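Okay, so here's the structure we're looking at.
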Amino acid sequence: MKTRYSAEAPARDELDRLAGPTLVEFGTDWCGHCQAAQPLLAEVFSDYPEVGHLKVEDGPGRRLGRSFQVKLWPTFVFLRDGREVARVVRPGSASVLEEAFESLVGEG
Numbered sequence: 001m002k003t004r005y006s007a008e009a010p011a012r013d014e015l016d017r018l019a020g021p022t023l024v025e026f027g028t029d030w031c032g033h034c035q036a037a038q039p040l041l042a043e044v045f046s047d048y049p050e051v052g053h054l055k056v057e058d059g060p061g062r063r064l065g066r067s068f069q070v071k072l073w074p075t076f077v078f079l080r081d082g083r084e085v086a087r088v089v090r091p092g093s094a095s096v097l098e099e100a101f102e103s104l105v106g107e108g
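Each residue of the sequence shown is one higher than the one before, counting from 1 in the deposited numbering.
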């Protein structure tokens with residue numbers, strides 16, 4: 001991906017006003033969790049470019065993963081209509097991440 005994480009993210013109630021298939025990702029551009037999960041997303045997302053992605057910088061920016069009640073810090077919540085349809089916690093392998101992407105894009 002050509003752009004990095006953003007601290008300038010919305011609040012959880014401002015996010016709730018969006019509408020469309022939107023993945024919201026918590027992390028940073030610099031954590032060792034992210035150095036593994038970022039190229040994971042980059043591999044899966046190349047087949048699903050119609051999905052939205054929001055990189056929320058959980059260090060300097062809004063603590064959005066608190067209000068999603070995130071389990072492990074490298075997590076991304078799949079929204080639709082601006083509300084949760086699923087999430088992936090700790091991807092590990094593209095076989096787990098791709099399996100969720102097709103399920104939430106509607107190609108399942």
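Note that beta-carbon positions come from the ideal geometry of N, C-alpha and C, so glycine has one too.
Report all residues from its chain with a CB closer than 6 Å to the CB of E25; omit the five preceding and five following residues, and keep chain order.
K55 and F76
At least 3 beta-carbon pairs within less than 8 Å: the region 35-44 vs the region 7-17:
The region 35-44 makes no contact with the region 7-17; the number of CB pairs closer than 8 Å stays below 3.
Could you give the residue range of the beta strand (DSSP E) that holds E43?
Segment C34 to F45 is the alpha helix (DSSP H) holding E43; no beta strand (DSSP E) there.
Alpha carbon to alpha carbon, what distance is there between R17 and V105?
20 Å
Beta-carbon separation (whole angstroms), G27 vs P74, contact threshold 8 Å:
With a contact defined as Cβ atoms closer than 8 Å, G27 and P74 qualify at about 6 Å.
Tell me, to the nearest whole angstrom, how far the beta carbon of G92 is from that of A7; I am working on the premise that it is less than 8 Å.
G92 to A7, Cβ: 27 Å. No contact.
Run through the DSSP bridge pairs and tell me what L79 is partnered with.
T22 and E84
Check the C-beta distance from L23 over to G52 and give it rounded, since I have them as a contact under 8 Å.
7 Å
By the three-class DSSP mapping on this structure, what secondary structure does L64 have?
helix
Among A37, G32, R83 and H33, whose alpha-carbon lies nearest the alpha-carbon of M1?
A37
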